[PDB]
Structure formats: C-alpha cells, structure tokens
C-alpha cells in the first residue's frame, strides 16, 4: 500500500485577489498553510516521502516549509491562461466576451488565446503520470487545473467531468491506489 498526497500550493497573493494564472508568491495565510501542511506531513510519519513541485513560486514556497528537499517539475506548471493571465472573471468577460461564452460550451477543449487547454495539459502531464504511477510515497504540490488532470486519471473520469472536480485550496487528497482504481481521503487544514 502506498499513498499519493495530491494537494495544491498554499493560497497566493493573486488567489486572494480573485485572479488567475501568474507567478505570485504565497500570501501570509498561504505561508500558514505551508507550515500547516508541514505539521500534517510530520503527523503522518511517512517512510521517505518524495516531494514534487512545479517551477512556480507558490508551490516551491509551500514545499520550503517542509524542511526536506523537493524536485521541481516544469510539466507540473499551471495551465497557461494565455492572454487572460492575471485576470478576474469579470475582466475576462469584459475584454474577452466571446472567448468566455465559447469556453462555457466545451470546457475540456477550450484553449485560451495564446495559451493551452485541459487537453493540452493532459498531453503535458503524460510523463508526470508515468513517473508518479511507479513511485512509492509522493507529495505532489501543484495547482488547480493540474491537480484535476492527475486526480481524474487515478479516479478514471471523463474529459467532460474532469474540469469540474473539487480541488479547493488548503485541502490535501491522500490517494491510495487499490485493485479497483484508487482510494481518496480528503484532508482540510483550517488556517
């Protein structure tokens, strides 16, 4: 039996402002989740856990509170919002009214202007899944769209439903693959 702790980075300065994308750092409370996740990891008493992050500051900074070392993966970088990077839902609807509607039609195949889609991201995550599905104890601190693609894989979900998976902030999903697919144990850390 092995576990795969899929969690998202601690709340970022941009998450607080309701904005998407960017390479922002952790907010004061984001930092708190880092330490909160720290104590949690210690409470779990795992045998040689491998911590994987992305190149974004938010994930790195979350990891830096665990003391132990981490391996950075560019494939684990958040979906590129393209021309809509660092924008709010409103700004997107205002400056990109067409793209917004077009996106509500098909969420899986929607690709932002100058960016990628869940589909593109799926391709990008192929190597990550391959290495992840043959490792022992792993804590993958990533992002919302990435976490959904990975989660969906281990829970065999449709490309349709994939973009709607519950991947809130400060919540760690303890995945334990078993004979029929996988077992999820949701852990929420209040900070």
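Positions refer to the first chain, counted from 1. Rigid core here is just the name for the largest C-alpha set that superposes within 1.5 Å across the two forms.
Displacement analysis by core superposition in 4 other deposited structures of this protein ranks 41-49 above the other of 41-49 and 145-153 in root-mean-square C-alpha distance from the shown form. Averaged over CA atoms, B-factors in the entry run higher in 169-177 than in the other of 169-177 and 21-29.
The PDB entry records a higher mean C-alpha B factor for 178-186 than for its counterpart among 11-19 and 178-186. Ranking 129, 147, 63, 138 by the C-alpha B-factor listed in the PDB entry places 138 at the top. Taking only the listed residues 88, 105, 72, 117, the entry reports the highest CA temperature factor at 105. Among the modelled residues of its chain, residue 56 has a C-alpha B-factor that falls in the lowest third according to the deposited record. The PDB entry assigns residue 42 a C-alpha temperature factor belonging to the highest third of its chain's modelled residues. Per the PDB record, residue ranking by Cα B-factor puts residue 155 in the highest third of the chain. Among the modelled residues of its chain, residue 124 has a C-alpha B-factor that falls in the middle third, as given in the PDB entry. Per-chain ranking of the deposited C-alpha B factor places residue 142 in the lowest third.
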